[PDB]
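For reference, the structure discussed in these notes is given below.
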Amino acid sequence: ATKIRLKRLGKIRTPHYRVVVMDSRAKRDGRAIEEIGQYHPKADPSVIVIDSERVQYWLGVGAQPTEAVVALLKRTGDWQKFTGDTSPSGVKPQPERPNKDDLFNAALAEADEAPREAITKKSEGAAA
Amino acid sequence: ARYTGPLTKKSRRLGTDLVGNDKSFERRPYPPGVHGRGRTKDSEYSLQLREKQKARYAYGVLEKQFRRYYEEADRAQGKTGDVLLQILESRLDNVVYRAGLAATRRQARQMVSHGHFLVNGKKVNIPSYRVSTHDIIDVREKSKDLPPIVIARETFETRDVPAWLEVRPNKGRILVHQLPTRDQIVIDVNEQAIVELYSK
Amino acid sequence: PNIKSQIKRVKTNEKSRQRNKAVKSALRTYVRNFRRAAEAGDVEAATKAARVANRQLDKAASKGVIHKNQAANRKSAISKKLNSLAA
Amino acid sequence: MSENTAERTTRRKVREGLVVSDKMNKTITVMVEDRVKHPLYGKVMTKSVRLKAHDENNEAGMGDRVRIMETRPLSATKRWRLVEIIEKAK
RNA sequence: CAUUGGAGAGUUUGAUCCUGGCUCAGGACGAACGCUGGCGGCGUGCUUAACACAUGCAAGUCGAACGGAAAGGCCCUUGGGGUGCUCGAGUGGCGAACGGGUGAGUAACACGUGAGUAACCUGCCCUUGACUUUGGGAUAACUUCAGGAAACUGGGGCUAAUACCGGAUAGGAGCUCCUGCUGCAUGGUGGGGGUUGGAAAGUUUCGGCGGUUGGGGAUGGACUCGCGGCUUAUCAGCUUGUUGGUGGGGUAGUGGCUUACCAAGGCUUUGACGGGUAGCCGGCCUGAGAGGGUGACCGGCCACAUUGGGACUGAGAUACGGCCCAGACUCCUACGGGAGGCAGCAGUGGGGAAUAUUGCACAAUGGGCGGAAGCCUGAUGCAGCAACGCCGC
RNA sequence: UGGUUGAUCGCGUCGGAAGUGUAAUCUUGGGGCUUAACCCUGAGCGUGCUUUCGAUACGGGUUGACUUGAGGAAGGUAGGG
Ligand SMILES: [Mg+2]
Ligand SMILES: [Mg+2]
Ligand SMILES: [Mg+2]
Ligand SMILES: [Mg+2]
Ligand SMILES: [Mg+2]
Ligand SMILES: [Mg+2]
Ligand SMILES: [Mg+2]
Ligand SMILES: [Mg+2]
Ligand SMILES: [Mg+2]
Ligand SMILES: [Mg+2]
Ligand SMILES: [Mg+2]
Ligand SMILES: [Mg+2]
Ligand SMILES: [Mg+2]
Ligand SMILES: [Mg+2]
Ligand SMILES: [Mg+2]
Ligand SMILES: [Mg+2]
Ligand SMILES: [Mg+2]
Ligand SMILES: [Mg+2]
Ligand SMILES: [Mg+2]
Ligand SMILES: [Mg+2]
Ligand SMILES: [Mg+2]
Ligand SMILES: [Mg+2]
Ligand SMILES: [Mg+2]
Ligand SMILES: [Mg+2]
Ligand SMILES: [Mg+2]
Ligand SMILES: [Mg+2]
Ligand SMILES: [Mg+2]
Ligand SMILES: [Mg+2]
Ligand SMILES: [Mg+2]
């Protein structure tokens, strides 16, 4: 049977899965009919990208998802669009956001307490 | 995996001051050893190799890693010597040295490998950490009162900080304005000679 | 065999072989009967034998002893021979 | 009336060649020539291959320039069929 | 309407220039050896004997198909209730053709690439149209008897099914006749008529889960074909089912695939036939490039599973942990006869310059069966070992 | 392998379009492992092939001219061919 499953990639102790479509008989990390998405669980709020159109097409043509892919489709909302069920459909929370340029401009100007806690550490060496 | 032997011997052999001044380099015009005062032929290889070794012993980088730097610079677009010197200057220990928080690059390597420094919030103990633009190197809060740190705080005014770095001495904070350019790295080797050497 | 599944399998393979061989031999006998009727040139006997043989071919195809394509091929041969005999 | 996806599209392979053997029944051996670059020296060579076609009615003779279309295996070696005769050199 | 890229040196002479070979500086490795040896990260680790293998494990699962009750578990004066969960052995379904291994064979439509099947088959899965009718006979288990050292074998009796077999009813299955539109020759396809025919299974803890048959989808496989990639002419002739034709047979399917008859073809100095070597490729190394070398890990295809041959079962078979026969081996034997195949994982012997632990876990991903809980998984995830490689300290 | 030239075909050749060239590798842009090796991700590459639509300068095919290459006729002619 055609399956929608996870193809493991990455390093030792660092898995990244490719949500792919292949038949059951094929080996886990092998040729796939189509690559649908990716799933990085090692990362914070695991990354879950699923191509909605393609996954809907494959579900409608009769590909059988593995339980993991069912969980991912529940989170992406595709498991509700196909086989309509009352599920929370918790579209992935974003894994927050850092920045660099704003912090650099903030500190370049920070000055003040930069050299200020700096002469405070001067007083510290005094204490040292 | 680190040169721990004397540096004045290497400076005398290479003919230039690898670091510091006003020292045993008063015996400069001749390399170390019994056969130092003799006249030399100096082939092209000799010359090239001298430039490469000067850069290596100046920056505290061994041959495999220096070679890796060379292929990275060669692949990069622009002048190969410019990119190579830019990489070597972007090394974190050299960044600490140039900012002036360390007396020498060896001291900078010591403190960096011992972890007295924070890179934009994250602790780094890798001397070869390539600092990127707009980065913020910080002294570890526990180690803001190191004796070498206070010596640097006493002496930095004499030291010249390059234009591509901003330093809050008393605060221990090195802001990286931009990744330096050849006109900003001090000219003390022949990067062109090094590039020619790595082609034979 | 080394696996009890495989021992079960050799037993069931023998059983299925007996069944399939019996059905195929019956098919061959029916087709031979039709061929001998056709060679004898009779019309009613050949017609009856052809009906019997085609029905048995379809029955075997349903039972899975032979493929439906094989059943269709043999039925087509029998029907064409009977048509030639009638003509 | 309303037939299925018509056209079939799927077109078969066509070769123009010269008949080099007509002395077996319902079969003509066609020599098809193609011009390709040499892989190393770049010269445009001439590659020739003998193709056995099926000529119902034996309508083609030696030296005739013919057109053949690929087919299903018609014998141990025949895989083409004559579709027209372009020049009857005779 | 610019480039990302190209280094030499020594040596023939008394000396010179040229030609010219030899040698060296570079990079690389599935490497080995010598000396030496701190750590971590990520990889890699029998290239030789496709040599012979002790031992454990590597494929099972389903009681919601069935008779049942040998264990555990509940209820009962120890047996007894099959009574409920559960459950060996047995029937039955599915899986066992995948995953994993190796590279011996193969110079070939095997592989790469691109097409064709109007010559194809496709279990489970999805979708849609019809249905799920009426009977019957056995048998394993069990029981008894006989034989055998064993492997086990043969009788008597007895028993249930979604096991097996009559029948009815069902198209797009056979044959045939009209007619519409058409292709690439054989033709494809729409509509109607005649005629002969082809199925099924029940079960449940009522929440389920299933059965048969048309048509599509998806998936996987099969065959055919153009082009492409070794060496040898100190191999020049090769072939007689061979090349083509017609009828029959066979097959999922075209076909000398097979057969009968007829014809005399087919291939070849543009290298047939023969010899040598070799799994092929994505890639890897090197190189300014063009090329040259290579085919470890990983991924795709192929081939093979003690050697040779054969079929069986099945939707599907080179059937690794299947069967049959033969050969060579090993083992058991009461001498009558039996049993077996690490190129699965770990491991041993052996060969070799040389390559590891008889480890842990199914927690993750993948697979098999089950309605499910779940069971199985030497796939895999991991750990051990070795400076073998890369990187960092 | 091919002198000059008309016409035509569009096989070579050239230019678009579609399909294909799995993934990994590789080049490169981002991101993650404290850095790196390594890993993930976007793109390129995949140097070809098939299908299809154009162009006709050149090569070639088909076809027709021209005489300068080539050969022949007539006359002249040298020679131990
Ligand atoms: Mg008989
Ligand atoms: Mg037939
Ligand atoms: Mg000489
Ligand atoms: Mg000399
Ligand atoms: Mg049981
Ligand atoms: Mg395999
Ligand atoms: Mg291999
Ligand atoms: Mg049945
Ligand atoms: Mg070939
Ligand atoms: Mg025939
Ligand atoms: Mg071999
Ligand atoms: Mg090769
Ligand atoms: Mg492999
Ligand atoms: Mg079968
Ligand atoms: Mg097996
Ligand atoms: Mg297998
Ligand atoms: Mg085995
Ligand atoms: Mg082993
Ligand atoms: Mg040895
Ligand atoms: Mg699982
Ligand atoms: Mg479960
Ligand atoms: Mg087990
Ligand atoms: Mg010309
Ligand atoms: Mg012209
Ligand atoms: Mg990539
Ligand atoms: Mg980073
Ligand atoms: Mg690719
Ligand atoms: Mg022309
Ligand atoms: Mg004359």
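By convention in this document, the chains of the structure tokens carry letters A, B, ... by their order, each chain's residues are numbered from 1, and ligands are numbered from 1 in the order they are shown.
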
Open item on the list: With only C-alpha atoms (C1' of nucleotides) as the counted atoms, please give the residues lying no more than 12 Å from residue 27 in chain F, apart from itself and same-chain residues fewer than 5 positions off, as a list in words.
Closed with: residues 75 of chain B; 43, 44, 45 and 46 of chain F

Select from range 10-122 of chain A everything DSSP, run on the backbone, classes as alpha helix (DSSP H), then give the selection as a short mmCIF file (atom, residue, chain, number, x, y, z; two decimals) with N, CA and C atoms, in the first residue's frame.
```cif
data_model
loop_
_atom_site.label_atom_id
_atom_site.label_comp_id
_atom_site.auth_asym_id
_atom_site.auth_seq_id
_atom_site.Cartn_x
_atom_site.Cartn_y
_atom_site.Cartn_z
N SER A 52 0.08 21.30 1.81
CA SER A 52 -1.33 20.99 2.02
C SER A 52 -1.96 20.40 0.76
N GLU A 53 -1.70 21.00 -0.40
CA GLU A 53 -2.32 20.51 -1.63
C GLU A 53 -1.90 19.07 -1.92
N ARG A 54 -0.60 18.79 -1.82
CA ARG A 54 -0.12 17.46 -2.13
C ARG A 54 -0.61 16.43 -1.12
N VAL A 55 -0.61 16.77 0.16
CA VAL A 55 -1.06 15.80 1.16
C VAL A 55 -2.55 15.54 1.00
N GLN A 56 -3.33 16.57 0.66
CA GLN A 56 -4.74 16.35 0.39
C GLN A 56 -4.93 15.45 -0.82
N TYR A 57 -4.14 15.66 -1.88
CA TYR A 57 -4.25 14.80 -3.05
C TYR A 57 -3.94 13.36 -2.71
N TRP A 58 -2.89 13.13 -1.92
CA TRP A 58 -2.50 11.75 -1.63
C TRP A 58 -3.48 11.08 -0.69
N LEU A 59 -4.02 11.83 0.28
CA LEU A 59 -5.06 11.27 1.12
C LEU A 59 -6.30 10.92 0.31
N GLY A 60 -6.67 11.79 -0.63
CA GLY A 60 -7.83 11.52 -1.47
C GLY A 60 -7.61 10.41 -2.48
N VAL A 61 -6.36 10.15 -2.85
CA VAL A 61 -6.08 9.04 -3.74
C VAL A 61 -5.90 7.74 -2.97
N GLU A 67 1.16 6.65 11.97
CA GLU A 67 0.63 7.37 13.12
C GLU A 67 1.33 8.70 13.33
N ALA A 68 2.65 8.74 13.11
CA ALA A 68 3.38 9.99 13.23
C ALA A 68 2.86 11.02 12.25
N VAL A 69 2.68 10.62 10.99
CA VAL A 69 2.18 11.55 9.99
C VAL A 69 0.75 11.96 10.31
N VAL A 70 -0.03 11.08 10.92
CA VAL A 70 -1.37 11.46 11.37
C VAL A 70 -1.28 12.57 12.41
N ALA A 71 -0.33 12.45 13.34
CA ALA A 71 -0.14 13.51 14.33
C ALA A 71 0.24 14.83 13.65
N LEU A 72 1.17 14.77 12.71
CA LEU A 72 1.57 15.99 12.00
C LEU A 72 0.40 16.60 11.23
N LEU A 73 -0.41 15.77 10.58
CA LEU A 73 -1.55 16.29 9.84
C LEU A 73 -2.60 16.87 10.78
N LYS A 74 -2.76 16.28 11.96
CA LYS A 74 -3.63 16.88 12.96
C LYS A 74 -3.14 18.26 13.35
N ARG A 75 -1.83 18.41 13.54
CA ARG A 75 -1.30 19.71 13.92
C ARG A 75 -1.38 20.73 12.79
N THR A 76 -1.21 20.30 11.55
CA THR A 76 -1.30 21.21 10.42
C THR A 76 -2.73 21.47 9.97
N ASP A 78 -4.59 19.37 8.24
CA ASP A 78 -4.95 18.60 7.06
C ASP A 78 -5.77 17.37 7.43
N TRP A 79 -5.49 16.78 8.59
CA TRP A 79 -6.25 15.64 9.08
C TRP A 79 -7.68 16.00 9.45
N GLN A 80 -8.00 17.29 9.51
CA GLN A 80 -9.37 17.75 9.69
C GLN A 80 -10.04 18.10 8.37
N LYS A 81 -9.30 18.69 7.43
CA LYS A 81 -9.86 18.93 6.11
C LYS A 81 -10.21 17.62 5.42
N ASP A 101 20.80 43.02 14.40
CA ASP A 101 21.05 44.42 14.07
C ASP A 101 20.46 45.35 15.13
N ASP A 102 19.24 45.06 15.58
CA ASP A 102 18.61 45.89 16.60
C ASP A 102 19.40 45.86 17.90
N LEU A 103 19.89 44.68 18.29
CA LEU A 103 20.71 44.60 19.51
C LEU A 103 22.02 45.35 19.35
N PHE A 104 22.64 45.28 18.17
CA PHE A 104 23.89 46.00 17.96
C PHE A 104 23.68 47.50 18.05
N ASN A 105 22.64 48.01 17.37
CA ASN A 105 22.34 49.43 17.45
C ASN A 105 21.94 49.83 18.87
N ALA A 106 21.26 48.94 19.59
CA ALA A 106 20.91 49.22 20.98
C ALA A 106 22.15 49.33 21.85
N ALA A 107 23.15 48.48 21.60
CA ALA A 107 24.34 48.49 22.48
C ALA A 107 25.34 49.57 22.04
N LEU A 108 25.55 49.71 20.74
CA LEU A 108 26.44 50.80 20.25
C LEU A 108 26.05 52.07 21.00
N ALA A 109 24.74 52.31 21.13
CA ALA A 109 24.25 53.53 21.81
C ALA A 109 24.21 53.28 23.31
N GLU A 110 23.88 52.05 23.70
CA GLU A 110 23.83 51.68 25.13
C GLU A 110 24.89 52.50 25.86
N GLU A 113 25.68 53.08 30.64
CA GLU A 113 25.97 51.96 31.56
C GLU A 113 26.95 50.97 30.94
N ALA A 114 27.18 50.98 29.64
CA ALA A 114 28.22 50.04 29.19
C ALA A 114 29.49 50.48 29.93
N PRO A 115 30.17 51.56 29.50
CA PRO A 115 31.33 52.04 30.23
C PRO A 115 30.92 52.43 31.67
N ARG A 116 29.63 52.46 32.00
CA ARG A 116 29.31 52.94 33.38
C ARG A 116 29.49 51.77 34.36
N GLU A 117 28.90 50.62 34.05
CA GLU A 117 29.12 49.41 34.87
C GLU A 117 30.58 49.09 34.65
N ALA A 118 31.14 49.73 33.63
CA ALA A 118 32.55 49.47 33.30
C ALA A 118 33.45 50.14 34.36
N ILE A 119 33.18 51.40 34.68
CA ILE A 119 33.93 52.07 35.77
C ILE A 119 33.43 51.48 37.10
N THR A 120 32.27 50.81 37.08
CA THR A 120 31.84 50.13 38.34
C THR A 120 32.76 48.92 38.56
N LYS A 121 33.18 48.24 37.48
CA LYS A 121 34.12 47.10 37.55
C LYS A 121 35.51 47.68 37.79
N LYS A 122 35.69 48.96 37.46
CA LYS A 122 36.96 49.61 37.84
C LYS A 122 36.95 49.64 39.37
#
```

TODO: Give the residue list for ligand 12 at 12 Å, counting only C-alpha atoms (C1' of nucleotides) and all ligand atoms, as JSON, numbers by chain, sorted by chain and then by residue number.
DONE: {"E": [111, 112, 229, 230, 278, 279, 280, 281, 283, 292, 293, 294, 295]}

TODO: Name each residue within 10 Å of ligand 24, counting only C-alpha atoms (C1' of nucleotides) and all ligand atoms, as a ChimeraX atom specification.
DONE: /F:5-8,56-57

Dump as a PDB file, in the first residue's frame, selection limited to N, CA, C and O atoms (P, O5', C5', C4', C3', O3' and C1' of nucleotides):
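Below is the file again-v4.pdb, written as the result:
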```
ATOM      1  P     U F   5      28.703  30.912 -54.762  1.00  0.00           P
ATOM      2  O5'   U F   5      27.346  30.766 -55.578  1.00  0.00           O
ATOM      3  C5'   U F   5      26.952  31.757 -56.512  1.00  0.00           C
ATOM      4  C4'   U F   5      25.833  31.270 -57.395  1.00  0.00           C
ATOM      5  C3'   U F   5      24.587  30.779 -56.684  1.00  0.00           C
ATOM      6  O3'   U F   5      23.750  31.827 -56.237  1.00  0.00           O
ATOM      7  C1'   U F   5      25.173  29.248 -58.372  1.00  0.00           C
ATOM      8  P     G F   6      22.638  31.535 -55.118  1.00  0.00           P
ATOM      9  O5'   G F   6      21.380  31.045 -55.956  1.00  0.00           O
ATOM     10  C5'   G F   6      20.822  31.870 -56.963  1.00  0.00           C
ATOM     11  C4'   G F   6      19.662  31.197 -57.649  1.00  0.00           C
ATOM     12  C3'   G F   6      18.615  30.575 -56.744  1.00  0.00           C
ATOM     13  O3'   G F   6      17.724  31.520 -56.185  1.00  0.00           O
ATOM     14  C1'   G F   6      19.142  29.071 -58.475  1.00  0.00           C
ATOM     15  P     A F   7      17.131  31.283 -54.712  1.00  0.00           P
ATOM     16  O5'   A F   7      16.201  30.002 -54.874  1.00  0.00           O
ATOM     17  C5'   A F   7      15.029  30.056 -55.668  1.00  0.00           C
ATOM     18  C4'   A F   7      14.405  28.696 -55.840  1.00  0.00           C
ATOM     19  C3'   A F   7      13.995  27.977 -54.570  1.00  0.00           C
ATOM     20  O3'   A F   7      12.780  28.455 -54.024  1.00  0.00           O
ATOM     21  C1'   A F   7      15.113  26.470 -55.994  1.00  0.00           C
ATOM     22  P     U F   8      12.599  28.544 -52.431  1.00  0.00           P
ATOM     23  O5'   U F   8      12.456  27.027 -51.973  1.00  0.00           O
ATOM     24  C5'   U F   8      11.356  26.241 -52.401  1.00  0.00           C
ATOM     25  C4'   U F   8      11.607  24.772 -52.179  1.00  0.00           C
ATOM     26  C3'   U F   8      11.861  24.349 -50.742  1.00  0.00           C
ATOM     27  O3'   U F   8      10.666  24.195 -50.001  1.00  0.00           O
ATOM     28  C1'   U F   8      13.477  23.363 -52.153  1.00  0.00           C
ATOM     29  P     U F  56      14.033  31.921 -42.594  1.00  0.00           P
ATOM     30  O5'   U F  56      15.402  31.419 -43.223  1.00  0.00           O
ATOM     31  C5'   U F  56      16.631  32.029 -42.854  1.00  0.00           C
ATOM     32  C4'   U F  56      17.809  31.148 -43.176  1.00  0.00           C
ATOM     33  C3'   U F  56      17.847  30.610 -44.604  1.00  0.00           C
ATOM     34  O3'   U F  56      19.193  30.569 -45.064  1.00  0.00           O
ATOM     35  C1'   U F  56      17.856  28.811 -43.075  1.00  0.00           C
ATOM     36  P     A F  57      19.718  31.684 -46.090  1.00  0.00           P
ATOM     37  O5'   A F  57      21.300  31.570 -46.001  1.00  0.00           O
ATOM     38  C5'   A F  57      22.101  32.723 -45.800  1.00  0.00           C
ATOM     39  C4'   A F  57      23.357  32.391 -45.038  1.00  0.00           C
ATOM     40  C3'   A F  57      23.983  31.042 -45.340  1.00  0.00           C
ATOM     41  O3'   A F  57      24.737  31.029 -46.536  1.00  0.00           O
ATOM     42  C1'   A F  57      23.891  31.348 -43.012  1.00  0.00           C
TER      43        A F  57
END
```

Open item on the list: Could you list, as a PyMOL selection string, all protein and nucleic acid residues with an atom at most 10 Å from ligand 4, counting only C-alpha atoms (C1' of nucleotides) and all ligand atoms?
Closed with: chain E and resi 11-14

Put those residues in a file: N, CA, C and O atoms (P, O5', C5', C4', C3', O3' and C1' of nucleotides), as a PDB file, in the first residue's frame.
```pdb
ATOM      1  P     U E  11      71.906  18.522 -13.134  1.00  0.00           P
ATOM      2  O5'   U E  11      71.935  17.118 -13.878  1.00  0.00           O
ATOM      3  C5'   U E  11      72.442  15.964 -13.229  1.00  0.00           C
ATOM      4  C4'   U E  11      72.001  14.704 -13.925  1.00  0.00           C
ATOM      5  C3'   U E  11      72.331  14.610 -15.401  1.00  0.00           C
ATOM      6  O3'   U E  11      73.673  14.236 -15.645  1.00  0.00           O
ATOM      7  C1'   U E  11      70.090  13.965 -15.057  1.00  0.00           C
ATOM      8  P     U E  12      74.581  15.113 -16.637  1.00  0.00           P
ATOM      9  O5'   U E  12      74.872  14.132 -17.850  1.00  0.00           O
ATOM     10  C5'   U E  12      73.821  13.694 -18.699  1.00  0.00           C
ATOM     11  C4'   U E  12      74.324  12.712 -19.722  1.00  0.00           C
ATOM     12  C3'   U E  12      75.347  13.274 -20.705  1.00  0.00           C
ATOM     13  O3'   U E  12      76.305  12.267 -21.019  1.00  0.00           O
ATOM     14  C1'   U E  12      73.483  12.442 -21.888  1.00  0.00           C
ATOM     15  P     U E  13      77.773  12.323 -20.375  1.00  0.00           P
ATOM     16  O5'   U E  13      78.496  13.493 -21.172  1.00  0.00           O
ATOM     17  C5'   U E  13      78.805  13.352 -22.549  1.00  0.00           C
ATOM     18  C4'   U E  13      79.225  14.665 -23.154  1.00  0.00           C
ATOM     19  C3'   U E  13      80.334  15.403 -22.424  1.00  0.00           C
ATOM     20  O3'   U E  13      81.623  14.911 -22.738  1.00  0.00           O
ATOM     21  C1'   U E  13      78.585  16.908 -22.930  1.00  0.00           C
ATOM     22  P     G E  14      82.686  14.639 -21.568  1.00  0.00           P
ATOM     23  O5'   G E  14      82.897  16.070 -20.908  1.00  0.00           O
ATOM     24  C5'   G E  14      84.017  16.341 -20.079  1.00  0.00           C
ATOM     25  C4'   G E  14      84.429  17.786 -20.191  1.00  0.00           C
ATOM     26  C3'   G E  14      83.293  18.775 -20.393  1.00  0.00           C
ATOM     27  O3'   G E  14      82.651  19.128 -19.181  1.00  0.00           O
ATOM     28  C1'   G E  14      85.025  19.228 -21.942  1.00  0.00           C
TER      29        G E  14
END
```

TODO: Taking only C-alpha atoms (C1' of nucleotides) into account, report as a PyMOL selection string which residues of chain A lie within 8 Å of chain E.
DONE: chain A and resi 1-2+6-8+23-28+30-31+60-64

Take the residues that were just selected and, keeping N, CA and C atoms, output them as a PDB file, in the first residue's frame.
```pdb
ATOM      1  N   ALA A   1       0.830  -1.196   0.000  1.00  0.00           N
ATOM      2  CA  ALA A   1       0.000   0.000   0.000  1.00  0.00           C
ATOM      3  C   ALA A   1       0.864   1.246   0.000  1.00  0.00           C
ATOM      4  N   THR A   2       0.372   2.312  -0.623  1.00  0.00           N
ATOM      5  CA  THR A   2       1.084   3.580  -0.594  1.00  0.00           C
ATOM      6  C   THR A   2       0.940   4.220   0.777  1.00  0.00           C
ATOM      7  N   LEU A   6       7.574   9.002   7.455  1.00  0.00           N
ATOM      8  CA  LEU A   6       8.732   9.826   7.766  1.00  0.00           C
ATOM      9  C   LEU A   6       9.998   9.128   7.297  1.00  0.00           C
ATOM     10  N   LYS A   7      10.839   9.862   6.576  1.00  0.00           N
ATOM     11  CA  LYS A   7      12.140   9.387   6.131  1.00  0.00           C
ATOM     12  C   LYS A   7      13.208  10.070   6.974  1.00  0.00           C
ATOM     13  N   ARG A   8      13.974   9.285   7.723  1.00  0.00           N
ATOM     14  CA  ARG A   8      14.921   9.853   8.671  1.00  0.00           C
ATOM     15  C   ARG A   8      16.170  10.363   7.967  1.00  0.00           C
ATOM     16  N   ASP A  23       5.566   3.481  -1.156  1.00  0.00           N
ATOM     17  CA  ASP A  23       4.844   2.264  -0.834  1.00  0.00           C
ATOM     18  C   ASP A  23       5.487   1.560   0.356  1.00  0.00           C
ATOM     19  N   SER A  24       4.719   0.653   0.959  1.00  0.00           N
ATOM     20  CA  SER A  24       5.160   0.011   2.190  1.00  0.00           C
ATOM     21  C   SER A  24       6.438  -0.787   1.980  1.00  0.00           C
ATOM     22  N   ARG A  25       6.541  -1.494   0.856  1.00  0.00           N
ATOM     23  CA  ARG A  25       7.655  -2.412   0.652  1.00  0.00           C
ATOM     24  C   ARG A  25       8.999  -1.705   0.588  1.00  0.00           C
ATOM     25  N   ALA A  26       9.019  -0.416   0.270  1.00  0.00           N
ATOM     26  CA  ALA A  26      10.280   0.290   0.117  1.00  0.00           C
ATOM     27  C   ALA A  26      10.969   0.471   1.463  1.00  0.00           C
ATOM     28  N   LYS A  27      12.298   0.490   1.429  1.00  0.00           N
ATOM     29  CA  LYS A  27      13.067   0.699   2.643  1.00  0.00           C
ATOM     30  C   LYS A  27      12.839   2.110   3.171  1.00  0.00           C
ATOM     31  N   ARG A  28      13.117   2.288   4.464  1.00  0.00           N
ATOM     32  CA  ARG A  28      12.751   3.531   5.135  1.00  0.00           C
ATOM     33  C   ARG A  28      13.433   4.730   4.496  1.00  0.00           C
ATOM     34  N   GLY A  30      14.833   5.516   1.478  1.00  0.00           N
ATOM     35  CA  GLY A  30      15.006   5.133   0.093  1.00  0.00           C
ATOM     36  C   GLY A  30      14.332   6.071  -0.881  1.00  0.00           C
ATOM     37  N   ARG A  31      14.196   5.637  -2.129  1.00  0.00           N
ATOM     38  CA  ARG A  31      13.513   6.447  -3.124  1.00  0.00           C
ATOM     39  C   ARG A  31      12.049   6.621  -2.751  1.00  0.00           C
ATOM     40  N   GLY A  60      -6.675  11.792  -0.633  1.00  0.00           N
ATOM     41  CA  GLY A  60      -7.827  11.520  -1.469  1.00  0.00           C
ATOM     42  C   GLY A  60      -7.609  10.414  -2.475  1.00  0.00           C
ATOM     43  N   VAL A  61      -6.359  10.153  -2.850  1.00  0.00           N
ATOM     44  CA  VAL A  61      -6.079   9.036  -3.741  1.00  0.00           C
ATOM     45  C   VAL A  61      -5.895   7.737  -2.968  1.00  0.00           C
ATOM     46  N   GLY A  62      -5.696   7.807  -1.656  1.00  0.00           N
ATOM     47  CA  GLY A  62      -5.775   6.604  -0.853  1.00  0.00           C
ATOM     48  C   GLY A  62      -4.494   6.182  -0.169  1.00  0.00           C
ATOM     49  N   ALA A  63      -3.530   7.091  -0.064  1.00  0.00           N
ATOM     50  CA  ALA A  63      -2.322   6.797   0.689  1.00  0.00           C
ATOM     51  C   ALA A  63      -2.642   6.698   2.174  1.00  0.00           C
ATOM     52  N   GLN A  64      -2.016   5.737   2.844  1.00  0.00           N
ATOM     53  CA  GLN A  64      -2.290   5.490   4.248  1.00  0.00           C
ATOM     54  C   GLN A  64      -1.219   6.139   5.103  1.00  0.00           C
TER      55      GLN A  64
END
```

- [ ] Kindly determine which residues of chain E lie within 9 Å of chain B, considering only C-alpha atoms (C1' of nucleotides), and give the answer as a VMD selection string.
- [x] chain E and resid 4 7 to 8 25 to 26 392 to 393

TODO: Just the residues within 7 Å of range 138-147 of chain B, please, counting only C-alpha atoms (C1' of nucleotides), with nothing from its chain fewer than 6 positions along; format it as a list in words.
DONE: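 The residues that qualify are residues 125 and 128 of chain A; 116, 117, 118, 119, 172, 173 and 174 of chain B.
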
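Reported to one decimal place, the separation of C1' of residue 246 in chain E from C1' of residue 175 in chain E is 24.1 Å.
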
- [ ] Set the cut-off to 10 Å, count only C-alpha atoms (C1' of nucleotides) and all ligand atoms, and list whatever residues fall near ligand 2 as a ChimeraX atom specification.
- [x] /C:70,72-78 /E:248-251

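Any residue of chain D with an atom within 6 Å of chain E counts; using only C-alpha atoms (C1' of nucleotides), that gives residues 1, 2, 3, 24, 25, 73 and 75 of chain D.
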
- [ ] Counting only C-alpha atoms (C1' of nucleotides) and all ligand atoms, name the residues that have an atom within 7 Å of an atom of ligand 15; the answer should be given as a PyMOL selection string.
- [x] chain E and resi 96+319-322

Task: Neighbourhood of ligand 21 at 12 Å, counting only C-alpha atoms (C1' of nucleotides) and all ligand atoms, reported as a PyMOL selection string - done: (chain A and resi 66-68) or (chain E and resi 370-375)

Open item on the list: 9 Å from ligand 11 is the threshold here; counting only C-alpha atoms (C1' of nucleotides) and all ligand atoms, which polymer residues fall inside it? Answer as a PyMOL selection string.
Closed with: chain E and resi 103-106+277-279

Keeping C-alpha atoms (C1' of nucleotides) for every residue in the selection just given, could you write it to a file as a PDB file, in the first residue's frame?
```pdb
ATOM      1  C1'   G E 103      29.211  -9.302  -5.951  1.00  0.00           C
ATOM      2  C1'   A E 104      30.260 -15.342  -7.708  1.00  0.00           C
ATOM      3  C1'   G E 105      28.146 -15.123 -12.459  1.00  0.00           C
ATOM      4  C1'   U E 106      26.968 -11.744 -16.386  1.00  0.00           C
ATOM      5  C1'   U E 277      38.680  -9.044 -17.698  1.00  0.00           C
ATOM      6  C1'   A E 278      34.309  -6.945 -15.226  1.00  0.00           C
ATOM      7  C1'   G E 279      28.236  -6.424 -11.616  1.00  0.00           C
TER       8        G E 279
END
```

- [ ] Residues up to 9 Å from ligand 27, counting only C-alpha atoms (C1' of nucleotides) and all ligand atoms: could you list those as a ChimeraX atom specification?
- [x] /E:282 /F:21-25,45-46
